[PDB]
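Heads up: numbering here begins at 1 and tracks the sequence. Just so it is clear, the values below take in all heavy atoms, side chains as well, and ignore hydrogens, waters and symmetry mates.
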Amino acid sequence: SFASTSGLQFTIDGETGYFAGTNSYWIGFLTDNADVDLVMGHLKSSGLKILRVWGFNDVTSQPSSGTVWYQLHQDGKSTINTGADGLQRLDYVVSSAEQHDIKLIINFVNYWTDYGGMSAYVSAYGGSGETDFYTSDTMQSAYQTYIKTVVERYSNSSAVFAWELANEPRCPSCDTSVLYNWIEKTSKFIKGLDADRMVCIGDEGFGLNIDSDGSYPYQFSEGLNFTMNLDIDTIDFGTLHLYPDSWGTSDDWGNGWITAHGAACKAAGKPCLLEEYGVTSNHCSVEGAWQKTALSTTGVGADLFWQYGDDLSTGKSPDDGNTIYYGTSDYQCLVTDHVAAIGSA
Ligand SMILES: *[C@@H]1O[C@H](CO)[C@@H](O[C@@H]2O[C@H](CO)[C@@H](O)[C@H](O)[C@H]2NC(C)=O)[C@H](O)[C@H]1NC(C)=O
Ligand SMILES: *[C@@H]1O[C@H](CO)[C@@H](O)[C@H](O)[C@H]1NC(C)=O
Ligand SMILES: [Cl-]
């Protein structure tokens with residue numbers, strides 16, 4: 001029925017094995033159904049089985065008409081948009097995913113300010129910086145009511161791969177227990193509402209004492225401890241992201257990053273998801289190597305490149321330099337070849 005874990009691997013539609021997928025944060029904010037279906041059709045014919053999307057869109061005032069928004073935080077209250085320019089846009093993504101046999105990872109808030117994020121909650125509820133979000137009872141109450149509304153809305157759908165706490169949560173210089181405690185509380189809350197659906201964190205994978213080279217990502221300065229959080233009983237698999245160019249490390253360092261997380265996942269007895277990765281140049285050679293490493297690493301059960309691209313009714317989808325567009329040479333290297341390789345395992 002719902003997607004699950006089987007040892008260090010994932011199971012989808014009764015098939016247990018390695019899976020390739022991708023990210024499209026923008027799909028739930030499109031307003032044209034044909035574009036959503038165009039994307040889902042292309043993912044299906046590409047063999048990409050997991051699509052990670054943003055399940056949040058937070059604002060502190062109603063946006064100009066026509067702009068999609070999911071939740072408004074104003075006058076000390078949080079209001080959820082269930083209209084045509086609100087959660088009905090995510091509904092179409094979920095429904096199209098069901099039709100096209102695609103499973104979705106849907107997260108509930110951004111650590112970053114894009115689409116509001118924890119900062120929009122802090123603006124409305126009070127405090128300073130994203131870190132106050134985690135321990136604020138009023139913000140956690142609003143965030144949990146949003147979670148409940150979303151989770152219950154799709155309770156009868158088999159297309160949700162996993163509920164994810166947030167995109168890239170960090171707690172700079174915080175004791176690792178702050179995120180540990182918030183992850184435990186939030187994942188328990190989600191499991192109470194939807195016991196059979198997998199839950200994951202959505203973090204970058206920082207804080208790792210297995211085969212550390214002492215570099216920034218392995219250290220604990222961002223408030224994260226990968227092995228400690230992966231032991232939470234209500235977390236089903238670990239997540240790691242990979243951006244050497246943003247972290248000041250080499251491209252080859254990315255393979256060790258994947259290998260080390262695989263070792264931690266094996267030890268925890270749970271799969272790891274390489275949930276985001278990208279570079280803005282030399283896509284095929286660099287990312288192809290990471291893909292090979294992820295596939296061959298015990299403990300790593302799937303990978304999603306950041307990010308998918310397509311030619312929509314409105315022109316090409318977002319290009320942040322990491323985008324790999326359907327039907328291009330880089331797409332053949334990083335999708336057609338990778339999916340073929342996985343199937344030839
Ligand atoms: C991160 O979490 C791990 C547990 O997953 C902590 O590792 C333990 O560290 C102590 C010494 O500090 C060792 O005696 C244990 O054997 C370790 N357990 C392991 C690795 O399984 C680590 O200290 C934490 N670091 C933080 C939060 O800064
Ligand atoms: C789920 O299905 C049940 C029974 O078929 C129904 O009563 C419930 O309202 C549905 N929930 C939805 C569509 O969110
Ligand atoms: Cl290309």
Are side-chain N/O atoms of [X] and [Y] paired as donor and acceptor at under 3.5 Å?
X      : Y      : value
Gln140 : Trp182 : yes
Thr293 : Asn255 : yes
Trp253 : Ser215 : yes
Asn107 : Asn167 : no
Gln9   : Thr16  : no
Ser119 : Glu130 : yes

Nearest 0.5 Å, what's the [atom1]-[atom2] distance between [X] and [Y]?
X      : Y      : atom1 : atom2 : result
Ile50  : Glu275 : CD1   : CD    : 10.0 Å
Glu287 : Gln291 : CD    : CD    : 7.0 Å
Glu98  : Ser157 : CD    : OG    : 3.5 Å
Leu90  : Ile106 : CG    : CD1   : 5.0 Å
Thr234 : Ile183 : OG1   : CD1   : 9.5 Å

Sub-3.5 Å donor-acceptor pair from the side chain of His100 to the main-chain atoms of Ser96, do we have one?
yes
Do side-chain atoms of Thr280 reach the backbone of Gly321 as a donor and acceptor pair under 3.5 angstrom?
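Between the backbone of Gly321 and the side chain of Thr280 there is no qualifying donor-acceptor contact (under 3.5 Å).
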[X]-[Y] co-clustered via ILVMFWY side chain contacts under 4.5 Å:
X      : Y      : result
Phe237 : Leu8   : no
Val39  : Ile102 : yes
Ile201 : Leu273 : no
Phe220 : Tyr134 : no
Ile105 : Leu230 : no

Using ring centroids (six-membered ring only for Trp), state whether [Y] and [X] fall under 6.0 Å.
X      : Y      : value
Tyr331 : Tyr326 : yes
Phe305 : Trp290 : no
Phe133 : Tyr111 : no
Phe226 : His261 : yes
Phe108 : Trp163 : yes
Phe56  : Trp69  : no

Which is it for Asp85 and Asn81 under the side-chain hydrogen bond (donor to acceptor under 3.5 Å, both in side chains) test, yes or no, and what are the steps along the way?
CA-CA 8 Å; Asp85 56 355; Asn81 186 7; 3.0 Å; yes
State whether the number of non-hydrogen atoms from other residues, nucleotides or ligands found under 6.0 Å of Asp320 atom CG is greater than 12.
yes
Any chance CG of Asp311 has more than 12 other-residue heavy atoms, nucleotides or ligands included, within less than 6.0 Å?
yes
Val199 vs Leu165, side-chain contact (heavy atoms from CB on, under 4.5 Å): CA-CA, chis, key distance, verdict:
CA-CA 8 Å; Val199 180; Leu165 277 49; 3.8 Å; yes
Give me the one residue out of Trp257, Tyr218, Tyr277 that meets ring pair (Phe, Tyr, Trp, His ring centres under 6.0 Å) with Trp247.
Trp257
Would you mind reporting whether [Y] and [X] have side-chain heavy atoms less than 4.5 Å apart?
X      : Y      : result
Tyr243 : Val279 : no
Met198 : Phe161 : yes
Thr259 : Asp211 : no
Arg52  : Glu276 : yes
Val300 : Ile258 : yes
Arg89  : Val36  : yes
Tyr70  : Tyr146 : yes
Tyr154 : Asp194 : no

Run the numbers on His42 and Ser46 for side-chain hydrogen bond (donor to acceptor under 3.5 Å, both in side chains), then give the verdict.
CA-CA 6 Å; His42 284 167; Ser46 300; over 6 Å; no
Across all chains, not counting sequence neighbours, the salt bridge (charged side-chain N to carboxylate O under 4.0 Å, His left out) partners of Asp310 are none
How close do [X] and [Y] get, heavy atom to heavy atom, and via which atoms?
X      : Y      : value
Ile80  : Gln71  : CG1-OE1, 4.1 Å
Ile324 : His283 : CD1-ND1, 3.5 Å
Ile235 : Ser187 : CD1-CB, 3.6 Å
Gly262 : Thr297 : CA-CG2, 3.8 Å

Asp175 and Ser177: CA distance, side-chain angles, deciding distance, side-chain hydrogen bond (donor to acceptor under 3.5 Å, both in side chains) verdict:
CA-CA 5 Å; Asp175 187 83; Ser177 63; 2.8 Å; yes
Any pair with a residue in residues 310-345 that passes disulfide (SG to SG under 2.5 Å), sequence neighbours left out, goes on the list, sorted by first then second residue, please.
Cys284-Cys333
Disulfide (SG to SG under 2.5 Å) pairs touching residues 107-173, sequence neighbours excluded, are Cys171-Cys174
Passes salt bridge (charged side-chain N to carboxylate O under 4.0 Å, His left out), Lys44 versus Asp101? Steps please.
CA-CA 7 Å; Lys44 186 190 169 176; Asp101 185 37; over 6 Å; no
One thing to verify: whether [Y] and [X] come together as a salt bridge, which I'm taking to mean a side-chain N less than 4.0 angstrom from a carboxylate O.
X      : Y      : answer
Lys191 : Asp233 : no
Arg197 : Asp236 : no
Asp13  : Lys103 : yes

Assign the ring pair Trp54 / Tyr25 to parallel, tilted or perpendicular, where the plane angle (0 to 90°) is split at 30° and 60°.
tilted
Partner residues of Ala142 under the side chain to side chain contact (heavy atoms under 4.5 Å, CB included) criterion, sequence neighbours left out
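By the side chain to side chain contact (heavy atoms under 4.5 Å, CB included) rule, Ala142 matches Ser78, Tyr121, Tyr125.
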Residues passing the side chain to side chain contact (heavy atoms under 4.5 Å, CB included) test with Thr79, sequence neighbours excluded, are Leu72
Applying side-chain hydrogen bond (donor to acceptor under 3.5 Å, both in side chains) to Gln307 and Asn322, what does each step give before you reach the verdict?
CA-CA 6 Å; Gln307 63 175 319; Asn322 295 121; over 6 Å; no
Across all chains, not counting sequence neighbours, the disulfide (SG to SG under 2.5 Å) partners of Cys265 are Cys272
